[PDB]
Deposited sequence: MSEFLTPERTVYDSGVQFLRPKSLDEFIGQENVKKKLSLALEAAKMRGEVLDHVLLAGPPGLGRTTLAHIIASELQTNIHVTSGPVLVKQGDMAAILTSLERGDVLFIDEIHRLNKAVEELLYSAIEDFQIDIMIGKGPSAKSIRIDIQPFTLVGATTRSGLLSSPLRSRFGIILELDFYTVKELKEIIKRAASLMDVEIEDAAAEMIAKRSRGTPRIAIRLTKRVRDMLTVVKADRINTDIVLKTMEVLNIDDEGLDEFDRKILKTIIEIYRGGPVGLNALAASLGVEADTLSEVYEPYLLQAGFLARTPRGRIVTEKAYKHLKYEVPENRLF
């Protein structure tokens, strides 16, 4: 809520994305034109939803939030489309999860702003974990595709220091750095960790968040020096123990973990791959030497 950027000026990091989006936004506003469709792609907690709202606010139009799975029958999509006002933003999270029914109606609406038997010109903003998850057709409809990658430790530290300030708590630089290094490159994680560290500060009655307080918090939260949580470790341990380090297929791995292949590949794998703990091969996923050493498993 109060911790969510209200404009690009408040949006830390993602310089490439900001410059690209800013170019298009400022131009459209200056011409009083409807912004071209925008695709926001990247792992969760990186700011896709945040950017969608910023786009609407900058254009000074209304944003209509919806989810791919939430829309089943064309009736749901129609009601939403016909409620759009000129320049409004239609934000669809998990846009790649749109069934053939609603998707066909959407592709149609953005071809000439009209349906089966007239829609006000609008800007479609989709959010997806992976741009490839989108069908070839609908995918070619976005004039602006923004690929968000994990944030740097420095950017995360800045976001953490900002969140602490908004929560009325002081924090030392080294402490903010420590949280950033454990935030798995994600703003969402960094902010939630900061709230939990704030709770520790409260209970120990300290004047400001320091490294000691952060370490105490990480121990309680079971977050290791690499920012890995319980589930991250379970993924690596399962590959190591049950599958001898891999390669193991995504479906097989998800079945053993008792989770959907999607949550695995879309939510947890991205950072594990980025940080060099996991690798993908044609035969399946495998763990790296870094994984064994980090989890203290003898390298076979």
Missing residue ranges, deposited sequence indexing starting at 1 = 1-16, 134-146, 330-334
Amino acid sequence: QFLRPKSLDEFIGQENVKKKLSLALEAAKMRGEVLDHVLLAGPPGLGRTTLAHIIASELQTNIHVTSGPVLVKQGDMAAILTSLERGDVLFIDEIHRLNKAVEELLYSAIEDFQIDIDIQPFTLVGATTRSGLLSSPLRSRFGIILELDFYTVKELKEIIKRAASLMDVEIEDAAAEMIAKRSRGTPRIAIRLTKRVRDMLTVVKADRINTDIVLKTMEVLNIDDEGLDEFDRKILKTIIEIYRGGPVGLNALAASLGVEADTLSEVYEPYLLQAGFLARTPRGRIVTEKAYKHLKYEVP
From here on, numbers count along this sequence of modelled residues.
Return whichever of 38-46 and 258-266 has the greater mean Cα B factor according to the PDB record.
-> 258-266
Once average C-alpha B-factors are taken from the entry for 186-194 and 125-133, the winner is 125-133
Peak C-alpha temperature factor (PDB record), options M167, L221, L156, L201 = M167
For the listed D229, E111, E177, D149, which has the peak Cα B-factor recorded in the PDB entry?
-> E111
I242 CA temperature factor, ranked by third within the chain = middle
Of the three thirds of its chain by CA temperature factor, lowest, middle or highest, which one includes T217?
-> lowest
Looking at the C-alpha B-factor of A163, is it in the lowest, middle or highest third of its chain?
-> middle
Going by the entry, which third of its chain does the Cα temperature factor of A52 land in?
-> lowest
Sorting the chain's CA B-factors, does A275 end up in the lowest, middle or highest third?
-> lowest
